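**Student:** Experimental structure and sequence below.
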Amino acid sequence: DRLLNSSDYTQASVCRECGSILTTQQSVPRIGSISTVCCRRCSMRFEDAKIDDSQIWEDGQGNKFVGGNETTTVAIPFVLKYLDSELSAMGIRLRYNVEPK
Amino acid sequence: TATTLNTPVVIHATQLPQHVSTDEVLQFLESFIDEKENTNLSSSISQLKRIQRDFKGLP
Amino acid sequence: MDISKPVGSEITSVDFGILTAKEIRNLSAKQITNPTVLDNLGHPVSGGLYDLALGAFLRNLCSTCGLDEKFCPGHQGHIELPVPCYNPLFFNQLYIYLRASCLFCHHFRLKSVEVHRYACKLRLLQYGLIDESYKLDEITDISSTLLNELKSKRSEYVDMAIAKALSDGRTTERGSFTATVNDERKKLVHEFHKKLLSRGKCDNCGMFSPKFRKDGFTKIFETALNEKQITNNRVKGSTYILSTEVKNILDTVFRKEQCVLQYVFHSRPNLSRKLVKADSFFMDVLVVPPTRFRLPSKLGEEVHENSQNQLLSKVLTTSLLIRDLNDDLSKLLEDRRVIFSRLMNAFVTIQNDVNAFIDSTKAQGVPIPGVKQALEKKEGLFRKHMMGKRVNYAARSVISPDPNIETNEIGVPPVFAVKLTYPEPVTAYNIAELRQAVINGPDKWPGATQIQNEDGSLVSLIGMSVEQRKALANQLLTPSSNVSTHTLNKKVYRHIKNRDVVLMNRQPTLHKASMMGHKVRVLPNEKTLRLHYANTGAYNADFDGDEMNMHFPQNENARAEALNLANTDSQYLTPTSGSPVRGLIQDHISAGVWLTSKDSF
Amino acid sequence: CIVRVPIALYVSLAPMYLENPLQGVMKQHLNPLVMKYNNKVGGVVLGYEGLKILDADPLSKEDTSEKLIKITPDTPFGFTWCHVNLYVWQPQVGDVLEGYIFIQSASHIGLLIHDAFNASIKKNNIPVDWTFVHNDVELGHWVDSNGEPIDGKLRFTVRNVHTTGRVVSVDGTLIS
Amino acid sequence: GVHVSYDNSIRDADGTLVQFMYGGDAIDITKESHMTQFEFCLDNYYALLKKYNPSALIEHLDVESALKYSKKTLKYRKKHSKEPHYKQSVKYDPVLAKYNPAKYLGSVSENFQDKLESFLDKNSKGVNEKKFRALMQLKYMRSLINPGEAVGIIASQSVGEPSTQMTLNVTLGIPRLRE
Amino acid sequence: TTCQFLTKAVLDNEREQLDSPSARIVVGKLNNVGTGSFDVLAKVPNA
Amino acid sequence: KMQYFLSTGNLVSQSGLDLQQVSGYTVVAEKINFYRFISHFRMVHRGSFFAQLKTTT
Amino acid sequence: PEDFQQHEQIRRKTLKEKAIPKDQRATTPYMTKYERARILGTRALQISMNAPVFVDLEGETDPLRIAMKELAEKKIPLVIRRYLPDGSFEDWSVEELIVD
Amino acid sequence: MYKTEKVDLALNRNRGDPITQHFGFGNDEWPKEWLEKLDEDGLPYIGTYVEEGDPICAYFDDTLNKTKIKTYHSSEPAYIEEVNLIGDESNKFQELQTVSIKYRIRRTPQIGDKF
DNA sequence: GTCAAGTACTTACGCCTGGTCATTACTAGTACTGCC
DNA sequence: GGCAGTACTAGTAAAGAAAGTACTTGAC
RNA sequence: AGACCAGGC
Ligand SMILES: Nc1nc2c(ncn2[C@@H]2O[C@H](COP(=O)(O)CP(=O)(O)OP(=O)(O)O)[C@@H](O)[C@H]2O)c(=O)[nH]1
Ligand SMILES: [Mg+2]
Ligand SMILES: [Zn+2]
Ligand SMILES: [Zn+2]
Ligand SMILES: [Zn+2]
């Protein structure tokens, strides 16, 4: 309660096959569609992957490309998300493997 | 919408699907509506009754 | 944390690895290239350290996810370092394998049957086989007919030892790793590196390699191979070397000797079967952090860019200098004589910049702090923001003594009784007392300050009148008009009452009884916490200006612990000696001498 | 083309269904699942059948009524694995379906499938040798090569399936 | 991370084992105050019987087994233990390592068994002799340490806080603890 | 000496099972001592 | 540059003086009291080098 | 459907191997001070979220006081899963565990 | 307890550019609620009781054409004792841009105060 | 192989409250003015 | 009337008094 | 957010 729940509680979305806190991001949907959470590392460019019309998502750049929809939210402290940003600045890859896969 | 209160956390297919004929569907739809009336899926029951009456009759 | 917003998955483990450069070109949002942070009229220039592709910045939507400042998580980008440069975290371990390796056959300078002896001892230590790794020395100028046969007997002994222990209920295929097998693994790798570095000739093909000189960081020097032992190079049938050449050597060493370094660089068995590469010691691409985590130092008009932007600007300035230095090699003797002596000068300064970004003390140059020094000491990241944290829902004020308090209570002021609040979800048994709590409003004790709806929405009661506030009290227990929120109920942030729990705490908390759990009894007059005298022996708290903290827990799992488990009635006996710490102190002891006297009638 | 998938799904359980665990997994997770497209199933879930909650202790039997649900430490909700047989209507490309006519327009023939699911056959999917006559009064009809109005059924090959929006839509072509 | 496990065997957080039993007897310091205060507990027998309640707790316990082996090792050790420790062909574990003391009534330590029978021999004194030893053995069992006690924190605060009772030709005090 | 134990952890490719109370506060788990030394299960009545 | 020395206490010297410390030469005269105010003009200090030092003598 | 089925049968076989049977369990027959603090806590979160209450309310408005009342008549439908350091566990219901 | 803060209106510009912020009220529809604390020149009256949220000075702006007030950023109520007008010294004569306001706070000895 | 000493990096009580100051040289440019 | 000298201006570039281990280099 | 200074227990 003190060291997490009332200081920096956040429910951050985590890629299940990357184990990455700060890789995934919100997709930019079309009109009428709903946005989904999607990963950047285990994705693939659409020109590289030559599809099933639902795994294809798109950036805010208009960069439309198909890939990682294996993501979920886990409740972490927010300073862990800053710890990965400093370790990836060094070149350290923390992998957060979640239990329901 | 799109919460752990609504959606499953993880969803997987346990076994490969195989097709069912018209007899298994009409036995399902006579049992699925029976076990459901006896909730905002009433708008979906209205679409289930269209399919149940389609394999039995004609609108 | 909302108890009405559960979370599904859980981090069970973590593990450490190195970003390869292929990942951080796929992970990346946008490669950033020019060393100008933001141009005139305050706009972040496209391709700079502040870019809209790396996150929403200062009332300007992100170019990757299209969200504003409040909802963009921040996105990573990268830069392209033109030369493979040293990672200063791994330079001490690179320099061991930079040495101790033959520059001619690209093995290490040991004999290849003794390097194999550690590969089969460290494979046993990946599994829980600390005993069988000493039985492997029992398997025991010299022709290669039997050394090829000795490597078969040591390898078949391991393949028989691993398969038996994995069937004799002892080791999973993920490998058993305990504390005392971490002892004999660190002991064996330190035996391995100390014996690699002490070699004269390569014991595979017998000739010398020119020794290396570590000037400090940022540089590397090969020394002069003497005239006495260039004869051995002729019977086999000083210079600053480039960082591109060191990677060329060590990519060849790690392929001729891949089968040993799978077990030196892995504690647990490598189930992914990935190669270990010498590119993993270098870094060819810097990862720029998201622009959320490097916002500028804003103080009125005194806007200074972050210290990481000042270090990453110098890496990009040097990266465009060397791009404009290699534009003369396409133009092409004096024009070649001076342009290469300044190109090799630019090789050192881009290494000296990638040092200063990661570590401010490995950078020759009051200096700007690096990524290492935001983590290290008190005022680091682990000690200042992970092991200790600033907290919400917590108070601190001076203490005054108070009898007529039932010795398991703290006397809370009205001004903490109004600000501190607790989320009660509404039920059939709260709508008696929690309908009156919302009607009383944020300033009447006992009252409430906010209503959390079923939807996660949150309605403040501060700027409201009593007629609007009686309408929300009848709307308080209503069935949901949404299917996706049908099992939830409203939470009323009531004020702290006479039934809540409180953690009291005086620094230094030298033992666990200096942080106890008290009941609360509000008092109507002044602004000080009020403590009974039996608690003063445990907190070591006189009343000459002591102030002590007050933490208010926000769920029923922590209310049940601070009433039953960390309770102040449970802490009568300290666990140091078993002697009590709670008891009456100064006036109550001199009174009992007079009250229990024979004269007292 | 209605097909049967057996699934294994990891759901929540609010404390109000701690006396009726089968009734709660249906109302929270399975009743919002009917008549919607689902990515990890293949098509549109018509209904479900045979819900079984995986008990948390393995020492018990499947005959027992009292089962165990693991409570989250922070929140009072319980998480569990469940087995249930979904029945799902999935269309795929290549297959030919009966189509009841819903809208006859000059650009997009919007028709129904099994009186529920919307579909579309564009004008470029219609070959050139068919004509559309006007309806100036109130939406006419397309004239085929037989010189007759098309009406009722229309067997067409599935060209593309568009599932990203609110409901599913089926793109239809008329070449075979 | 050092804590009592449900084995009554205190150990580190990763799983490695520091001791096999807390202090050799698995009893809490905040409960062993009146454990050997026998003449206090005899005068207050009928009032301590209301909080330990012996006959109501016979059902969920094993009373028969641990008391037999506590007599097969007490009688064995009084016959021996004239010779020193290296000569002792021991042949019998202590009863506290063979039986779980939180479950078996009568699995006590040896100096609790030796001090009980020394009290129960010197002064012989309406409570009889067998009701008094059957209440100290349930008081010992209730004075067991609970599994989950963060012991290594308690053991580190039991040194660092009394070290601040020193402040605030042999070396002595806080420089001795530094060494 | 954080980034000396950091380099030794990444050159071992060391996986840690989040056992120490220090490792569970960094990643945000419930602590394995005292109250978090067990789970709590709920007996639901129906199948 | 003399207003900077008084406002901060930092000693900026190209040929550093015979002093061990480099900062903390000026102190705000409080006037929080007259006992406080007259005590600023009678105080001696050994140096800030000796403060960050774990000796007693 | 083939990788997950084999992964599910390994996830449910090891968790059966860790399950110590009811006749072969060896921990204490008492509900410890930590198990009492979490039984009263996890139940009081459920009472506050409209779980069915098995005891008559005598005008109690505090969810933690209701949880203390349900423990006195042993009406709490919760189970303690006591983990061993092997990863194995026992299962103790609240009606089995005797207090103090 | 006496507490003095300097209200400086000329710290966001340089080198003779025209002053965009003038003390006093403007011609816009600014609320008549703060005639009570403030005088016609955008300065507060002497002796007025000021709790948190009350304005301490009014100034008209030119790049926004709106009268903004600076407010009392302290949760302990005070009384305004004196208002100085710190005129700038220059060869060209300038409209006022710096005003020093002094507060007084009644510290009646409450309990918890050290004697 | 070897002990050997010099060198290099490493920590050094907890919490809390105020207050202040904070880039400098210079260098090229546009404008001001004295001039014939 | 317009030329060139200065005085400024805003502009963009450089900034000597604690105790422990681990390690290489070091004679022999 | 830092550095320095002045303090509280
Ligand atoms: N952890 C720290 N605690 C401190 C420090 N300085 C003071 N203190 C606390 O402040 C208190 C200071 O007590 P005093 O210096 O007044 C000794 P005193 O004779 O006045 O005690 P009494 O006779 O009980 O009045 C003491 O309880 C300490 O716990 C410090 O530097 N660190
Ligand atoms: Mg004091
Ligand atoms: Zn991924
Ligand atoms: Zn974004
Ligand atoms: Zn060689």
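**Tutor:** It's in. Residues are numbered from 1 along each chain as shown, chains lettered A, B, ... in the order given. Ligands and ions are numbered 1, 2, ... in the order given.

**Student:** For residue A:97, list the residues it contacts.
**Tutor:** A:16, A:19, C:11, C:12, C:13, C:14, C:15 (Cβ atoms under 8 Å, 6 or more residues apart in numbering or on different chains). Bear in mind the C-beta positions are built from the backbone N, C-alpha and C, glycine included.

**Student:** ok, which stretches of chain G are helices?
**Tutor:** Ranges of helices within chain G are G:2-8, G:34-39, G:48-51, based on DSSP state H.

**Student:** circling back: and the contacts of residue A:97, which of them are in strands?
**Tutor:** Judged by DSSP state E, the contacts of residue A:97 include C:11, C:12, C:13, C:14, C:15 as members of strands.

**Student:** who does the fourth one bridge with?
**Tutor:** Just to be clear, that refers to residue C:14. Beta-bridge pairing of residue C:14 under DSSP bridges involves residue A:96, residue F:16.

**Student:** Tell me where the longest strand sits in chain B.
**Tutor:** Counting by DSSP E, the longest strand found in chain B is strand B:10-13.

**Student:** hang on, residue H:58 in a strand?
**Tutor:** No. Counting by DSSP: H, G, I helix; E, B strand; the rest coil, residue H:58 falls outside a strand, being coil.

**Student:** distance of it from residue H:77?
**Tutor:** 21 Å (Cβ to Cβ, to the nearest Å).

**Student:** Which one's more surrounded, these two?
**Tutor:** Higher neighbour count among residue H:58 and residue H:77: residue H:77, with 21 against 8, using other Cβ atoms under 10 Å in any protein chain shown.

**Student:** How many residues are close by the nearest residue to that one once chain neighbours are set aside?
**Tutor:** Distance criterion Cβ to Cβ, 6 or more residues apart in numbering or on different chains; nearest residue to residue H:77, sequence neighbours excluded, is residue F:43 at 4.5 Å. Burial of residue F:43 is recorded as 16 neighbouring residues (other Cβ under 10 Å).

**Student:** packing partners for the helix or strand where residue F:43 lies?
**Tutor:** Secondary structure assignment for residue F:43, by DSSP states H and E: strand F:38-44. Counting contacts by 3 or more Cβ pairs under 8 Å, 6 or more residues apart in numbering or on different chains; DSSP states H and E, strand F:38-44 packs against strand D:67-71, helix H:33-47, strand H:78-83, strand H:89-93.

**Student:** Can you give the contact residues for the first one?
**Tutor:** Pointing back at strand D:67-71 there. The contact list for strand D:67-71 (Cβ under 8 Å, 6+ apart) reads D:13, D:21, D:53, D:55-57, D:60, D:77-80, F:39-44, F:47, H:42, H:78-79, H:91.

**Student:** filter these to the buried ones?
**Tutor:** Among the contacts of strand D:67-71, those buried by neighbour count (16 or more other Cβ atoms under 10 Å in any protein chain shown) are D:13, D:21, D:53, D:55-57, D:77-80, F:39-44, H:42, H:78-79, H:91.

**Student:** Also near DNA strand J: which of those, exactly?
**Tutor:** Among these, no residue is within reach of DNA strand J (Cβ under 7 Å from any atom of the strand).

**Student:** Which one of the contacts of residue A:97 sits in the busiest neighbourhood?
**Tutor:** That'd be residue A:16 among the contacts of residue A:97, by other Cβ under 10 Å, with 23 neighbours.

**Student:** what residues are up against that one?
**Tutor:** A:70, A:71, A:72, A:97, A:98, A:101, C:9.

**Student:** so the first one makes contact with residue A:39?
**Tutor:** Yes. Under the criterion of Cβ atoms under 8 Å, residue A:70 makes contact with residue A:39 at 7.2 Å.

**Student:** Touching both of those two, which residues are there?
**Tutor:** Contacts common to residue A:70 and residue A:39, judged by Cβ under 8 Å, 6+ apart, are A:15, A:17.

**Student:** can you pull the contacts of the most centrally placed residue in chain F?
**Tutor:** Nearest to the mean C-alpha position of chain F, counting by Cα atoms, centre = their mean, stands residue F:18 at 2.7 Å. When contacts are counted by Cβ under 8 Å, 6+ apart, residue F:18 is found next to C:11, C:12, C:13, C:14, F:24, F:27, F:29.

**Student:** Would you quantify the distance from residue C:205 to ligand 1?
**Tutor:** Look at residue C:205 and ligand 1: by Cβ to the nearest ligand atom, to the nearest Å, they are 65 Å apart.

**Student:** Mind exporting the C-alpha coordinates of the host helix or strand of residue H:67 to CSV?
**Tutor:** Here residue H:67, judged by DSSP H and E, is contained in helix H:63-72. Extracted C-alpha coordinates of helix H:63-72, given in CSV (Å, rounded to 0.1, in the frame of the first residue of the first chain):
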residue,chain,number,x,y,z
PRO,H,63,-17.0,-4.6,6.4
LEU,H,64,-14.1,-5.6,8.7
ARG,H,65,-16.4,-6.1,11.7
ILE,H,66,-18.6,-8.4,9.6
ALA,H,67,-15.6,-10.4,8.6
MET,H,68,-14.7,-10.7,12.3
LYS,H,69,-18.2,-11.9,13.0
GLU,H,70,-18.2,-14.5,10.2
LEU,H,71,-15.0,-16.0,11.6
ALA,H,72,-16.6,-16.6,15.0
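
**Student:** Return the set of buried residues in it.
**Tutor:** Residues H:63, H:64, H:65, H:66, H:67, H:68, H:69, H:70, H:71 are the ones in helix H:63-72 that count as buried (16+ other Cβ under 10 Å).

**Student:** rewinding a little: give me the beta-bridge partners of the residue nearest to residue H:77?
**Tutor:** Beta-bridge partners for residue F:43, by DSSP bridges, are residue D:68.

**Student:** close enough to count as contact, it and residue H:79?
**Tutor:** Yes. With contact defined as Cβ under 8 Å, residue F:43 counts as touching residue H:79 (6.0 Å).

**Student:** so who does residue 24 touch?
**Tutor:** Reading this off chain A. When contacts are counted by Cβ under 8 Å, 6+ apart, residue A:24 touches A:13, A:14, A:15, A:18, A:37, A:38, A:39, A:40, A:68, A:71.

**Student:** Out of those, flag the one nearest to chain E.
**Tutor:** Of all these, chain E sits closest to residue A:14, with 24.1 Å by Cβ to the nearest Cβ.

**Student:** does whatever helix or strand that closest one lives in come close to chain B?
**Tutor:** Applying DSSP H and E as the criterion places residue A:14 in strand A:9-15. No. Using Cβ under 8 Å from any Cβ of the partner chain, strand A:9-15 stays clear of chain B, with a minimum separation of 9.8 Å.

**Student:** That strand and ligand 3, are they touching?
**Tutor:** Yes. Interface with ligand 3: strand A:9-15 contributes residue A:15 (Cβ under 5 Å from the ion).

**Student:** ok, longest helix in chain E?
**Tutor:** Selection of the longest helix in chain E by residue count, based on DSSP H, yields helix E:64-79.

**Student:** Report the central residue of the chain.
**Tutor:** Went with chain A since none was named. residue A:24 (1.7 Å).

**Student:** if you could check chain H rather than the one you did, that'd help
**Tutor:** With distances taken as Cα atoms, centre = their mean, residue H:79 lies nearest the centre of chain H, 2.1 Å away.

**Student:** Look up the closest residue to that residue, ignoring the ones flanking it.
**Tutor:** Once flanking residues are discounted, residue H:79 sits nearest to residue F:41: 3.8 Å by Cβ to Cβ, 6+ apart.

**Student:** ok, the one you found to residue C:4 distance?
**Tutor:** In terms of Cβ to Cβ, residue F:41 sits 21 Å off from residue C:4.

**Student:** what lines up beside the longest strand of chain B in the sheet?
**Tutor:** Paired with strand B:10-13 in the same sheet, following DSSP bridges, are strand D:2-11 (antiparallel).

**Student:** Now the element after the partner strand, going C-ward?
**Tutor:** In N-to-C order, the element after strand D:2-11 by DSSP H and E is helix D:21-25.

**Student:** which parts of the stretch 501-601 of chain C sit against RNA strand L?
**Tutor:** Neighbours of RNA strand L within the stretch 501-601 of chain C, by Cβ under 7 Å from any atom of the strand: C:507, C:542, C:544, C:545, C:546.
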